[PDB]
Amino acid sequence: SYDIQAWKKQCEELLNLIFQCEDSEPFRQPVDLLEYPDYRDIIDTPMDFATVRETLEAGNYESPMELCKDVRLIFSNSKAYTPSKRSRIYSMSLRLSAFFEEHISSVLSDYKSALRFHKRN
């Protein structure tokens, strides 16, 4: 109850579910800057799900809000890159975002409740 640390394993489980999703395929590893030579002209801060997982495992997120900001960057980097809707990878981005948001909602609410309970007195 009001466990301040519970978010970390809940985010590891949610990343496992995202790796199972066929829709994560394009987002599982950093973009090859040699394959996509212009990528860093458009994208200031590359992000992918393996980087998010390793940052979590390094103990380099202090809160699930920080992890949520990096996952949302994957989705906005994909939108910044799409030429049009006529792309399988843009279709996969929007479905995976909806799945992520549906599952992260309770992780954020529970964490923020726990900080409130810790400060209650």
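Between two forms, the rigid core is defined as the largest C-alpha subset superposing within 1.5 Å. We number the residues from 1 along the sequence you see.
Superposition on the core shows that, in 8 other deposited structures of this protein, the C-alpha atoms drift more in one of 87 to 95 and 49 to 57; this is 87 to 95. For the pair 33 to 41 and 61 to 69, rigid core superposition yields a higher RMS C-alpha distance in 8 other deposited structures of this protein in 33 to 41. Averaged over Cα atoms, the B-factor as recorded in the entry is higher for 29 to 37 than for the other of 29 to 37 and 50 to 58.
The deposited model assigns a higher average Cα B-factor to 12 to 20 than to the other stretch when 12 to 20 and 109 to 117 are compared.
The maximum CA B-factor among the listed residues 74, 89, 68, 96, taken from the PDB record, is found at 89.
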